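Trainee: Below: the sequence, then the experimentally determined structure.
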Amino acid sequence: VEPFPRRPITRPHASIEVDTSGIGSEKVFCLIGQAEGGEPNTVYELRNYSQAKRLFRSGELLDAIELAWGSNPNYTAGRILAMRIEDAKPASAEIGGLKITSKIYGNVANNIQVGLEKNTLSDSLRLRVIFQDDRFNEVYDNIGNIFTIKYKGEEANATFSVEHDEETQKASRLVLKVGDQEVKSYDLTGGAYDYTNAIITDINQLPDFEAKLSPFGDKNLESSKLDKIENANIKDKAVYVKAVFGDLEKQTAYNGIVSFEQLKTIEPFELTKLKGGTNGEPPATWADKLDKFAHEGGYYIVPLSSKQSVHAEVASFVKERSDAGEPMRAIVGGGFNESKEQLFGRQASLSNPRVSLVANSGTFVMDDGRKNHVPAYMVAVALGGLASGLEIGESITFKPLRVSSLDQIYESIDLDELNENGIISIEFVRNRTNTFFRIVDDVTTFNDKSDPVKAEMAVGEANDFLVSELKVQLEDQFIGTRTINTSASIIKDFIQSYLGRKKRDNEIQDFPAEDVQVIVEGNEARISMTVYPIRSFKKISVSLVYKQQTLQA
Amino acid sequence: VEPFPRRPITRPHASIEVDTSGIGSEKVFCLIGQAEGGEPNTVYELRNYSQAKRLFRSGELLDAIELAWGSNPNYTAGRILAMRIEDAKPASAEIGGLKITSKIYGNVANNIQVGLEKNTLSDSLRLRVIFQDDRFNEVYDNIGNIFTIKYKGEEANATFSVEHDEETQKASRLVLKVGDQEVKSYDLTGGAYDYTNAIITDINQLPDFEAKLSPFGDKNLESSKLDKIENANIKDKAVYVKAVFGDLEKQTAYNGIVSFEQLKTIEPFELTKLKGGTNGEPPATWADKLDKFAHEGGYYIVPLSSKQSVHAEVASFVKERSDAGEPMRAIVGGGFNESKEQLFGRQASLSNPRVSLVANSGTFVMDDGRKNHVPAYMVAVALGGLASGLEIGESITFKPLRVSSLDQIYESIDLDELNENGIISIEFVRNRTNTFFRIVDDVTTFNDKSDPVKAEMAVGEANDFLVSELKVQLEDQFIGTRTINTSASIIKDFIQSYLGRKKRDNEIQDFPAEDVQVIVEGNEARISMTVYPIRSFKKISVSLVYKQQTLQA
Amino acid sequence: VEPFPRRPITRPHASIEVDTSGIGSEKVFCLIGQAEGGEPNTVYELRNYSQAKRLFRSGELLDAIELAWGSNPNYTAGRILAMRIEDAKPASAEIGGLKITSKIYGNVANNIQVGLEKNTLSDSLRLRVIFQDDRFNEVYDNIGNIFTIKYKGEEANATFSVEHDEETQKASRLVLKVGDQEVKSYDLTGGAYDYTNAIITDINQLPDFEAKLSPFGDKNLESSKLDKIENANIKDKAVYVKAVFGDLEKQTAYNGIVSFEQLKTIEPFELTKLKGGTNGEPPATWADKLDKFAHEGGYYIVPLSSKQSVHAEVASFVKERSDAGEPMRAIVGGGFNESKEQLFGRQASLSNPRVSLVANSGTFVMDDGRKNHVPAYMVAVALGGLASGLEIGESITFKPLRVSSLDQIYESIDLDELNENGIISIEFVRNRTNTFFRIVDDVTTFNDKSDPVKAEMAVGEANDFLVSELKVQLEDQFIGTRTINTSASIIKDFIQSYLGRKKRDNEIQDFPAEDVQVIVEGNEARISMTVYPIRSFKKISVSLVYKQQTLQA
């Protein structure tokens, strides 16, 4: 509802009630591991490969992103969230009249260099910054000398000053004087005087003074950050205002990988390397690190680690989030070429419905040209990236893996045992001339097959997405709406429209639209419905029978 | 009925009787606070933001109003009531014979400057006022001198007098006198000579005397306020009738901020400042201000203060007016960032059905780029502005707040505890990809959950509005009128109409119209009915069931 | 209805009545900015480029206007409104017994030169006005000496005089005397001699008199402004009535840049420059300027300032007008080459549906040929001039900009983030043989897709124009009319006509005739209507499935 005009009117008029009501999940994937770049305990959004490669410099995580976006040829590249577990810290140094610190966290940041060798021809400090790892070697100049002022009056001498607040060194005035008497002054507080443009215009208006912006950087710096001048003579010189600090803020805020801070006057200093870059140490538990993905919209998450304690932690994490209204599922892999007994031990230890285990490990072809021999959990990453590429309520059963080879080629009996015990395994298809690798099943670690919801990943996915979407939509729409007689009818219409839309997308098989019984009483709304869940075929029986046909003529 | 004519006529005629029957609610939010303007102890009604700014010059109260009208972007800006706690007084100067007084209340009025001059060409005074804080500067040039008299006769002398009467201390007569006799008298004490224009017209009647209006023109003064003159020669002079008092009242009564009144004799004096401009003491007890309210119709009220004594006094006030047939409610808040244990205390101290406590405090962006970080009761103002924007029997549950940021981000457990202690709380949602702020629930401080009327603001508001309108309309129409034998059916029709009208606007759910009963005996209007109350959803139960379906071909 | 004749007559006749009924939006663009000429706090309509140049001599506001007219080559150059922020004042001087004031406001007025001389060859005064900046130069030679008076008789004495009205010192008479007493006198206050040529002719008609007008310019001064003459001999020479200053006024009242007025005696003076030309300084807040735009007529407005205070002031202003009944929308640009963080912080500061942000800044090939490198808000002007060329309901999405170059050329990921966060951005289309630049979207600062009316400029513009036009027409047509039986049908027919005209102009998609319903009750009229919104294509899904085909012979 949107009545127009918003102000009530009592005299004769016309009124209009504009109404826009009614006219108006991606199943995100997550990764955690290590990298040579990006800040710690900070989650990011990954859309392009170039963006991630610029942020995440290198390591196993970048390979895991490339495998996830490459593990599904026939699907799109889905959005992925990533973060760094290492407690890295940046390089920082004290030089000149400033304190410098780098933004990249890690041992690589030590190679950063900052200097202010002065080019006396331009009377400015030539800021050269270098980062040899990134091939970043750029030269900046024209720091200071923002603009000129010159005096051409008939008096004997003239002088001008910039008066600061002594306790904070904040510029508050610009005073032009002859001797000790002010020709005119421009208080730099509260008004158009806050910027250098007003000073330039007002000074230009006076016939006795000139003010023109220099081609050494059109900064237009604020007037509060100007330098402190103390009765500098103006008659013979076109005196240059500098404001070196404010010029560093303006010209180097978003240039390079360098920040600046004050403990002072800025002076020249030599080009010096930064120190204190540290990769840090791993955390005792990953549960604090996993908390950053609590509310980021992630559904599938895969830790880049083969340790059982990390797997159990993640399992407790995804359980707690699902119980808190953030459903999630996890896929893990046990290192390199583990035997079946190790896999059964891991499955017994976990025994989580919302966790899956990958048995096979193999080699993959990367864009770098490396035939990277990866552990099982990178295959779990590839599988998560395939699942994300799939829509809601789809299964990854008998989908291709696009692998180059596998360390272990399991026989029929071995694959059957792995599937029975509740571990995901991968087979090599030698039946045809065009051999390929594919996934045999997507069973969870919870091995009780009697209950398909828990056992099947697709069913539990469809259930969690349906429930969470229906819960959010009902919470947003109907709570706080009046308990009018038509409320029950509106609720039943909305439910039917939501279930008919889900059936259109094939996220659910079918539902009886007649059995949607809504009951309303006071603040409570009691709703009952039936849904047939979308399932995936996994066994076909053919009772072929042969018969005899008699032909006549 | 009203016959035409009302008085009977006995002769043969036609008599007409005409019946004009059958052919022919607002919600207001109150505010109390401090500001740089406005009278003390005065209930001011506001409709326009410009009106509030002009009256309330600046301060917290104007910001509160702006927040209240800015907290409902969709809904109409309803009338709001404001009041100043400060016992301010206006500036005045006892300079010369004139008691200069200013309209504005406070210390700002002291800046006013008032002075007088005189122009000898037209023999008329001048007056000036300088209030440059409001960009105000006016000069009343050539005060007085409404019209001229000149002589054109043959007598040997030509004078006019304006007689001053000691009994009335005013100008009583204006007479043209020559020698020792009156040429023609114009008695100002009565008749059409109460205005000057009668005198101007009648002077022209004489062959020997004529009159004309002044070139300045529009003064149009009462003859009783003319100045005292005795036989001023007009033989060959166009002497102006000065009339200084009347033109002093006209140029300064509604013009500007400054009024004038004589204490003494009128004389010019130079420019001088005003004195006595006092903001005034903030009284400890707010009951001195709450009691000043009346039958305006206000419902909601927020005090702009964190004090317990203020909140208790407001609670006692609203309860008293409710018991006195003027239902009201309040919303309060406590300073900045109070912990839960303090908020529990405040709710236990209040425990009022007609008071609500706000937990959160935060920041709001205003028109003039003001990132105003505000105490909790300003949020309570914002809530009361939302509530006024919402129509009768609606609630503020799950609605947006449009707040910029919040101090306390409460988790689900914290909100649950706050709701269980009857404290309204505001939440920042992380479930949706696009995050936003919104209100949790409209729970009151009173904590008997079996009573939804008192527990819930919306139900209590709807019940009070229904009862108040019903009782008013019944008292107006039927109750207390002369007794007749056929009033029960008409009362029951009126009641049913009223119920139908309530049901039409969704103020009630339904009503069993067949169960309405009316009994009359003497002057006892016995009514009994039933109503199904309005309610707003707060809990949704979805019982989902999964089943398997078989398909044949 | 227009009756004929307008005066009824009771006698037998024929009366004719005539009704001329049935015989018979612009979306104006607004600008505020800097200029070197024009009055302060004054709005001017501008369609002709010569008018805009003359009004605004030069600055950034003239360049903005020229860009707007030239930002849409394939559209009509329509009306634009413009205001000058600078509080300039004009140059003035007092010399020669005359008050001199210039029509140009600012420092440019100081170059004006004015001087007065006398011509010995005709006994007449001379004037010269020069403004070297416009190369303006004109000489009003032989000022005064309006007409001669000659006498031809043989009497000893022949004199004429010009007398004045005492109360005003204006020329009231022109007396001719021969011997000792008058021959004829030309009364000037009232009669047949209001003009001096009538005096010239009648003097010519007299037997012993002659008179002729000075040919230098068609003076034809009215006789009120003639100089005083007393007993000036006629028989000596054909004496001139000079009246130098009145003739000067009549010659230069509406010509040239300079105006003149009396100081008192007037005498010549040397050719000298003027004084007092000043531009002043801009105010802190531009909101006081916007009041003049309250009832001018316009939809789009763009201030020429990158400061956030101006933007917040305009945002507030357009919100106030929208709540009043005259909605507007504001387009702004984020300074020079600002990074994504600054754009985000500006978007988060505005967060208004009726405000749109522009990110890209670049160069435009001006008509002068200069490679004018300009800030973002000049691009926002260009977009505002394209939106004003666009018809109602259209969108600036994918429309060509005709820009020369851009400072920042973005990646696909950067463009997507700029779109998603409610910032208008531009891409450099490189794949074509004809490379160019196109607008990607017209999304507003308000960043929620739930309401396309608030989130899209075109939809919101169509809704606002529709509501305003319907409100105006309904209020003009049916308020104050009679509540006749066919009132509801007439209203329905007028709405259908109006919606069918909208649908014809493609301002709406469609509407259902059945939903249009008119309810009459008392002094009110409730109307229910439906319209399908017009929309712009912003997403095209295509599905291409190949199939086999078999050919027989």
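Mentor: Cool, the structure landed. Residues are numbered from 1 along each chain as shown, chains lettered A, B, ... in the order given.

Trainee: Wait, a helix at residue A:495?
Mentor: Yes - the assignment for residue A:495 is a helix, going by DSSP: H, G, I helix; E, B strand; the rest coil.

Trainee: Can you tell me how far it is from chain B?
Mentor: Per Cβ to the nearest Cβ, to the nearest Å, residue A:495 is found 9 Å from chain B. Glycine gets a C-beta too; all of them are placed from N, C-alpha and C.

Trainee: Tell me how many other residues surround that residue.
Mentor: Residue A:495: 20 surrounding residues under other Cβ atoms under 10 Å in any protein chain shown.

Trainee: That one: what's it in contact with?
Mentor: Shown in contact with residue A:495 (Cβ atoms under 8 Å, 6 or more residues apart in numbering or on different chains): A:516, A:518, A:527, A:529.

Trainee: switch the cut-off to 7 Å
Mentor: A:516, A:529 (Cβ atoms under 7 Å, 6 or more residues apart in numbering or on different chains).

Trainee: Quick check: it vs chain C, distance?
Mentor: Distance, residue A:495 to chain C, using Cβ to the nearest Cβ: 20 Å.

Trainee: next one: residue A:323
Mentor: In terms of Cβ to the nearest Cβ, residue A:323 sits 30 Å off from chain C.

Trainee: cool, and residue A:7?
Mentor: To chain C, residue A:7 is 6 Å away according to Cβ to the nearest Cβ.

Trainee: swap in residue A:457?
Mentor: Taking Cβ to the nearest Cβ, one finds residue A:457 at 29 Å from chain C.

Trainee: That residue: neighbour count?
Mentor: 25.

Trainee: Could you find the closest non-adjacent residue to it?
Mentor: residue A:442 (4.4 Å; Cβ to Cβ, 6 or more residues apart in numbering or on different chains).

Trainee: Tell me if I'm right that that neighbour and residue A:422 touch.
Mentor: No - using Cβ atoms under 7 Å, residue A:442 makes no contact with residue A:422, being 11.1 Å away.

Trainee: Let me know the secondary structure of the residue of the stretch 251-400 of chain A found nearest chain B.
Mentor: Among the residues of the stretch 251-400 of chain A, residue A:295 lies nearest to chain B; the distance is 4.0 Å by Cβ to the nearest Cβ. The three-state assignment at residue A:295 reads coil, by three-state DSSP.

Trainee: which residue packs closest to residue A:342, ignoring adjacent ones?
Mentor: Nearest-residue entry for residue A:342: residue A:334, 6.2 Å, with adjacent residues in sequence omitted and distances by Cβ to Cβ, 6+ apart.

Trainee: oh sorry, the question was meant for residue A:2
Mentor: Per Cβ to Cβ, 6+ apart, closest to residue A:2 is residue A:18, 4.2 Å.

Trainee: give me phi/psi at the one you found?
Mentor: Per-residue torsions, residue A:18: phi -80, psi 140 (degrees, to the nearest 10).

Trainee: which residues does it contact?
Mentor: A:2, A:4, C:463, C:467.

Trainee: same deal with residue A:210?
Mentor: In this structure, residue A:210 makes contact with A:149-150, judged by Cβ under 7 Å, 6+ apart.

Trainee: for it, helix, strand, or coil?
Mentor: strand.

Trainee: that older thread, please name the residues that touch the residue nearest to residue A:457.
Mentor: Here residue A:442 is in contact with A:395-397, A:424, A:457-458 (Cβ under 7 Å, 6+ apart).

Trainee: Name the helix or strand for the nearest residue in space to residue A:510 that is not next to it in sequence, please.
Mentor: Residue nearest to residue A:510 in three dimensions, not counting chain neighbours: residue A:532, with 4.7 Å by Cβ to Cβ, 6+ apart. For residue A:532, the host element (DSSP states H and E) is strand A:524-533.

Trainee: now residue A:282
Mentor: Assigned by DSSP H and E, residue A:282 falls outside every helix and strand.

Trainee: Contacts only, for it.
Mentor: Counting by Cβ under 7 Å, 6+ apart, residue A:282 has contacts A:85-86.

Trainee: Could you check how far it is from residue C:141?
Mentor: Distance, residue A:282 to residue C:141, using Cβ to Cβ, to the nearest Å: 100 Å.

Trainee: next one: residue A:284
Mentor: Residue A:284 is 103 Å from residue C:141, by Cβ to Cβ.

Trainee: between the two, which one's more packed in?
Mentor: Using other Cβ under 10 Å as the criterion, residue A:284 and residue C:141 rank with residue C:141 on top: 15 against 8.

Trainee: correct me, but that one touches residue C:214?
Mentor: No - using Cβ under 7 Å, residue C:141 makes no contact with residue C:214, being 10.9 Å away.

Trainee: Please name the nearest non-neighbouring residue to residue A:69.
Mentor: residue A:77 (4.3 Å).

Trainee: I'd like to know which residues of the stretch 201-350 of chain A are adjacent to chain B.
Mentor: A:295, A:297 (Cβ under 7 Å from any Cβ of the partner chain).

Trainee: what do you get if the cut-off is 8 Å, keeping everything else the same?
Mentor: For the stretch 201-350 of chain A, the contact set with chain B under Cβ under 8 Å from any Cβ of the partner chain comprises A:295, A:297, A:324-325.

Trainee: which of the residues you listed has the most neighbours?
Mentor: residue A:297 (18 neighbours).

Trainee: Skipping adjacent residues, who's closest to that residue in space?
Mentor: Nearest to residue A:297 is residue A:28, by Cβ to Cβ, 6+ apart, at 5.0 Å.

Trainee: Go through chain A and flag its longest helix.
Mentor: helix A:457-477 (DSSP state H).

Trainee: Pull out the buried positions in that helix.
Mentor: By neighbour count on 16 or more other Cβ atoms under 10 Å in any protein chain shown, the buried set for helix A:457-477 is A:457-466, A:468, A:470, A:474.

Trainee: next one: stretch A:15-29
Mentor: A:16, A:20, A:27-29.

Trainee: That one spans what distance, first to last residue?
Mentor: In stretch A:15-29, first residue to last residue: 50 Å (Cα to Cα, to the nearest Å).

Trainee: can you put the buried residues of helix A:457-477 in a markdown table and add distance to residue C:261?
Mentor: Listed next are these as a markdown table, based on distance: Cβ to Cβ, whole Å:
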| residue | distance to residue C:261 |
| --- | --- |
| A:457 | 94 |
| A:458 | 93 |
| A:459 | 95 |
| A:460 | 93 |
| A:461 | 89 |
| A:462 | 89 |
| A:463 | 91 |
| A:464 | 87 |
| A:465 | 84 |
| A:466 | 86 |
| A:468 | 82 |
| A:470 | 82 |
| A:474 | 79 |
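
Trainee: For these, work out which two are farthest apart.
Mentor: Using Cβ to Cβ, the two most remote members of those are A:457 and A:474, lying 25.9 Å apart.

Trainee: Name the nearest residue to residue A:19, sequence neighbours excluded.
Mentor: Computed as Cβ to Cβ, 6+ apart, the closest residue to residue A:19 that is not its neighbour in sequence is residue A:1, at 5.7 Å.

Trainee: now the one you found: how far from residue A:193?
Mentor: Applying Cβ to Cβ, the value for residue A:1 to residue A:193 is 47 Å.

Trainee: Pull out the buried residues from stretch A:450-457.
Mentor: A:454-457.

Trainee: Right, I'll call it a day here.
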